[PDB]
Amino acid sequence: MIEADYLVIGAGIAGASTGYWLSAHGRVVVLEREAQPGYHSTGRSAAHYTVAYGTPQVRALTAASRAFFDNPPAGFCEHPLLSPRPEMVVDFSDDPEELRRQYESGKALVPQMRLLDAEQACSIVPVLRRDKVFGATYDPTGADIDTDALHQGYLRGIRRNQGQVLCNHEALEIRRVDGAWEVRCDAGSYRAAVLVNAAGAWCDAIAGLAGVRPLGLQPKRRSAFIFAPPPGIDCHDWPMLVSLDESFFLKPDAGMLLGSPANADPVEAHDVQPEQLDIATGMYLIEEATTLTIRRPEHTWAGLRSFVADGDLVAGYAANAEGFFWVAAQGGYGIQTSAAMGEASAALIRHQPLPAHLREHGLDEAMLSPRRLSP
């Protein structure tokens, strides 16, 4: 039996970020089922940072995370965590009222947000079909996230604070014993006053092992693919491109193009694979909107974006389950919110007020709590 102050289940971006901030204050042990910590959703994202995306709570967590991403502590990483990647949201269906509403709502959080006419949008991504473009919003502050550097920065930070990150340690049994949580894996047993459930799409399965009422988390499949651009086209500086109704997105990635139908098909928690129909739909939508020809993609994959009913993230203690803390419902936003979520969850776990910079972004304990979910 190994004792810790905080026992975290899951070493994806959620468990890693929470563990990183916790590790300055006590012994953190993170238990990860897979042989590597980023095998599931944290290794499958589009790795983008967009403030004007998700619910108001999501947008506040994303905005509050920028300070850490742009100014991490010395030794956290060797190169910047963010690289510039503006986001351009294009109206392909002639809906100026919706385009206006998205512009006005986005500019309220991003003062530099711009409204583009169709000619400006086509100047920025010249493969757009001009006759299908009716305008666009443009966020000059968008960024791509170096998810490997960020994730490993969190994980290394735990280990440098005498914490442990244990892979090939699937939590198989969970029990409340003598005022602490005990977790049995095949390879060992672990004990801590606080159990941090950061198991991604599996968070409700973990609650199942513990006898704790679940949140109603719904994993949703999103597929993506990479394909070659035409040889005479330099797309490496293009913004992230999204349609106004999030029917698809397209962005440069490693000399290639990354496309997606931006789907959200409800599924059970599992090692999710792309569906041929997902890929064909993404290819059709991109070819409908642009002059690009997509041969069979060179690489396809899918990951899980997991939501509770209201679309907001969850960080708080369970009702009537002492020491059981949820870090869940990261949705499509777990990377870009990870710094605020990790710092906020660590404060809440320790029963401390949220730091001032987080409260200045409108964050509070109430908007993160799982107990807000009414059945």
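When you see a residue number, it is the position in the sequence shown, counting from 1.
- Between 192-200 and 227-235, the higher mean Cα B-factor belongs to 227-235.
- Between 331-339 and 41-49, the higher mean Cα B-factor belongs to 41-49.
- Looking at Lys132, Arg213, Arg221, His169, the one whose CA carries the top B-factor in the deposited record is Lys132.
- The entry assigns its greatest Cα B factor, within the set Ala262, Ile286, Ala180, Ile158, to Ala180.
- Ranked against the other modelled residues of its chain, the C-alpha B-factor of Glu246 as given in the entry falls in the middle third.
- Compared with the other modelled residues of the chain, the Cα B-factor recorded for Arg305 ranks in the lowest third.
- Among the modelled residues of its chain, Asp146 has a C-alpha B-factor that falls in the lowest third according to the deposited record.
- Split the chain's modelled residues into thirds by C-alpha temperature factor. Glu268 is in the highest one.
- Ranked by C-alpha B-factor against the other modelled residues of its chain, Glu87 falls in the lowest third.
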